[PDB]
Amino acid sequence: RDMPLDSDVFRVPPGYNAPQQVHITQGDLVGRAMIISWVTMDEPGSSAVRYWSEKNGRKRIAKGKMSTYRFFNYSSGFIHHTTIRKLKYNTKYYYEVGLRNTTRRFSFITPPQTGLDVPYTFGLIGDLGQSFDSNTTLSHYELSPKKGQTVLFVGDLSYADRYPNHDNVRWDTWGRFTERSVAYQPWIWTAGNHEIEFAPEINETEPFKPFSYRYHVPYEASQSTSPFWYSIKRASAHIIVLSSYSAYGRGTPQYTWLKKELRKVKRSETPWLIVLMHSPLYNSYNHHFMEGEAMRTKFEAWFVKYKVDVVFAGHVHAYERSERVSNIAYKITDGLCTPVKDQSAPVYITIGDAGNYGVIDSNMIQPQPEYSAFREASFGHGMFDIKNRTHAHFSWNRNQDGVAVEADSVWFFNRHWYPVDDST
C-alpha cells in the first residue's frame, strides 16, 4: 500500500539544483533557533539560508554545512544543515534556500517565550511511512481545525528499510512527501527501530546512519552527547526524547543524561512535562506485547517520581490510552507485580497508527486489562492542546472520521498544578 514513485506527492520541485526535501526543527533549548535542512541533487550548491522577519524586513544570511553518505550501492545527494540563531519569539519569518540557482521560500513562526500559562498545540504523529494511509493522516492533520503548531514524531519515519538494500530512494521520496508540513512547522524527532538499519549482509553496520545524516537535532543544547536522546523546551512544555534502541543500562550515557535532566526540569517554568519514546511501556495489543518491559524497569519510577504528565509512544500500529498507572513495587519475591492506579504516574498514550506501509495492529489482549482506558485499531493522528498551566486537552482523530471528529478526547489535569483525578 506504499504510494508509487510517481505519486504527485513525490514530485521533485522544478529548477536546476532546486532544494528538495526541505525540513525544519528546533535548533536550541528554548525556541529561538531553527535548524533548516534540505537536499540539492544536481550539484553541491550553497548552504546559506536567507531569512528575515515579516516586520523588520532586514534580510540576513546564515551559513550551514553540507554532507553526503553512501548506503550500499546508494549515494546521497548533497545534504545541507544550517542553523539560524537568535530569533525573536512569536514572529513569522521567511527563509529562502537554494540561493545559487533555484531559490525556494518558506516561513515559520517562532514560538512564545517559555511560560507557565503559554498555550500551544502539538500534533502527534508516529509511525508515518509512505502508504496512501499516511497521506491521509498527514492531510487530516493539516486540516485539524485546532491547527497544530509543532509535530511530536514518535519514530519510524519512512520504512525504507522494508525495501531491498533499504533502497534509500524511499528516504528521498518520504522527505519530499512530508515537506509540505515540515518545511513550515518543526517536527521533533524520535528514533524508532525502522531507523536503526543494521544491515550486516550489505555491510552497512553503523546504526541510524541514513536517519542521522538526514535528520539533525539540537542535542547539544540539553547537554546530551548523542542525537538519540535530548530535550527541548517550547512554550509551556518541557519535552524529553528517549531512544528505545540505544542503551539505558545503569551508568550508560543515556541513563546518566536522563537522570540529570529530570532534575533540571522546572515546573514553575514549564508546567507540562512530556516524554517521547518509540517502544511503549504500557501496551495491551499482541504485536510488540511487553517489549517496553526492559526500559520500563529502568525509567518508570523516575517518571512517577517526577510526575511526568504524558508519555507518547508509537511502534504498535494502533491507538491506546491508559489510566494513570504505576507498577513500581515489585521485588521479585513479594508478588507485587500488578499495575495499580497511581495519580502521580503519567498517562501512557500510543499513536503509532499514522499509516506505516498500510497495516494496522488489530489483535488485542482479550480482555482489555484494567490499566488500559481506551484502545482502538484505526489509523489517525493526535493533538495535545495546552490551554493553561492546569489544563491540556488531548484528542485522537480517526482517519475514517471527518477532519473535525474527535473519536477520543480527554482533559489532562497537570500532575504538578492541578493533580486531580483526570482518569475516566
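In this text, residue numbers run from 1 along the sequence as written.
Enquirer: Quick check on the record: does 279-287 or 213-221 carry the larger mean Cα temperature factor?
Expert: Result: 279-287.
Enquirer: Got a sec? Mean C-alpha B-factor, which is higher, 390-398 or 48-56?
Expert: If you average the C-alpha B-factors of 48-56 and of 390-398, the larger mean comes out for 48-56.
Enquirer: Between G31, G355, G382, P367, let me know which has the highest C-alpha B-factor in the entry?
Expert: In this record, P367 carries the highest C-alpha B-factor of the candidates.
Enquirer: At the C-alpha atoms, which of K260, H140, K147, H166 reaches the highest B-factor in this entry?
Expert: That would be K147, according to the entry.
Enquirer: How does the C-alpha B factor of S75 compare with the rest of the chain: lowest, middle or highest third?
Expert: As the PDB entry reports it, the C-alpha B-factor of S75 lands in the middle third of its chain.
Enquirer: Give the position of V405 by CA B-factor within its chain, expressed as the lowest, middle or highest third.
Expert: Its C-alpha B-factor belongs to the highest third of this chain's values.
Enquirer: Pull the Cα B-factor of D309 out of the PDB entry and bin it into the chain's lowest, middle or highest third.
Expert: Lowest third - that is where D309 ends up once the chain's C-alpha B-factors are sorted.
Enquirer: Relative to the other modelled residues in the chain, which third contains the C-alpha temperature factor of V9: lowest, middle or highest?
Expert: Middle third by C-alpha B-factor.
Enquirer: Place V97 in the lowest, middle or highest third of its chain's C-alpha B-factors, as listed in the PDB entry.
Expert: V97: CA B-factor falls in the middle third of its chain.
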